[PDB]
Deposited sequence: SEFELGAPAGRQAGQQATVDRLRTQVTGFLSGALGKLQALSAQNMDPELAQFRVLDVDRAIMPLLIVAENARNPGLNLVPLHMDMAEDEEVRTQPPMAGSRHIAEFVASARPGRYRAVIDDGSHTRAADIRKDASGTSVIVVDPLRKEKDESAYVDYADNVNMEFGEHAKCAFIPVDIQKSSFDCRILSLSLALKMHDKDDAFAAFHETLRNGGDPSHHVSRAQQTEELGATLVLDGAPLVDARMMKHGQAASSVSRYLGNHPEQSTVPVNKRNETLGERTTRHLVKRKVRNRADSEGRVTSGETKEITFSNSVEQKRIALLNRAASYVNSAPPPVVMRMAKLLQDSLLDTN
């Protein structure tokens, strides 16, 4: 019974519980309906950017509780604090990296890093020796691979010049609004490959990345690591939600050994699973005009739905202090 754990607040708790599940499940029902009807959300006038920003802090709480040791913390870069450049304010509970590095208790963390307009995933190690970070970006649209040099340097400068850093840009995202669900999934995959990421942190502080990645280079300015080929650290299980079939196939062509390993309990290969998620629909054009018809994997929209399902279930059976916390995180999203 929960009457013992309610501290006489069963009225406020029970009402905040309904309020949070109502929003999570309310978003779930529309997204499930749009996905089942094979319709693009932004063409259907669903404001995914705002829903993804409001549910994210609540998803992390659920994921942190579902997998202890994930230690997933939302963080943002300095440019995210600038109301002039940013397209959206950082999500509720988000911390400035400088504040985090200075005050975070030593240990292992996962993170989603908002720069104001885009979000990446990260694996952070903080101890006496220093802080080290492995950043995986689900977007790779830069035409010339020199912006990644800047990104790697820009990420290192945000964590401190004494931090060891690796920047891994990966061709997963194709849409404009999926960078939050993709980064959240990469974080979960990081905790899944915890051992492999710890051995990379070790090599970062000490030799040859060849035991961990296929292609890497130190940057001229800060000597941070830029990885333009993350395999095998970036394996098939990290490429599952690649939206373009050409990205998954190019990746498998470059790393054939990843084409036969199981990516889930159903024993699907990366290629089998992506094919199962291929849909054909109209999307917004980013000549002429407005829309274009494409064939892509709806894995991310299915994953957004599956994550909302998890969170809504967690809250239904969550203890009051968790309910209070998630209700506040939702209210805090209407600030800024």
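Mapping the modelled residues onto the deposited sequence reveals missing stretches at 1-6, 213, 294-300, 351-352.
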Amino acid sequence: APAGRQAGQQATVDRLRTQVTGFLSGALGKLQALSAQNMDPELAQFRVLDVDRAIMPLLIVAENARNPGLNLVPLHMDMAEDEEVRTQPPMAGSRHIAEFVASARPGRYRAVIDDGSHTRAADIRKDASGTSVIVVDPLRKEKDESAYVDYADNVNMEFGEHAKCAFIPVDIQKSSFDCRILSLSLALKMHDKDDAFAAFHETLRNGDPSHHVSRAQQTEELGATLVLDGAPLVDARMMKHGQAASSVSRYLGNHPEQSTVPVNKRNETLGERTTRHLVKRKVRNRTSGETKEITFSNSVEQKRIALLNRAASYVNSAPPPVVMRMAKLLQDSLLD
From here on, numbers count along this sequence of modelled residues.
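Averaged over CA atoms, B-factors in the entry run higher in 216-224 than in the other of 69-77 and 216-224. Stretches compared: 94-102, 255-263. Higher mean C-alpha B-factor in the entry: 94-102. The residue among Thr274, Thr295, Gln302, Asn285 whose C-alpha carries the highest B-factor in the deposited model is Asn285. Take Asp144, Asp192, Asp178, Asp137 and read off each C-alpha B-factor from the entry; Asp144 has the highest.
Among the modelled residues of its chain, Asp114 has a C-alpha B-factor that falls in the lowest third according to the deposited record. Among the modelled residues of the chain, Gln88 sits in the middle third by CA temperature factor in this PDB entry. The entry lists a Cα temperature factor for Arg250 that places it in the middle third of the chain's modelled residues. Remark: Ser185 belongs to the middle third of its chain, ranked by C-alpha B-factor as recorded. The entry lists a Cα temperature factor for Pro41 that places it in the middle third of the chain's modelled residues.
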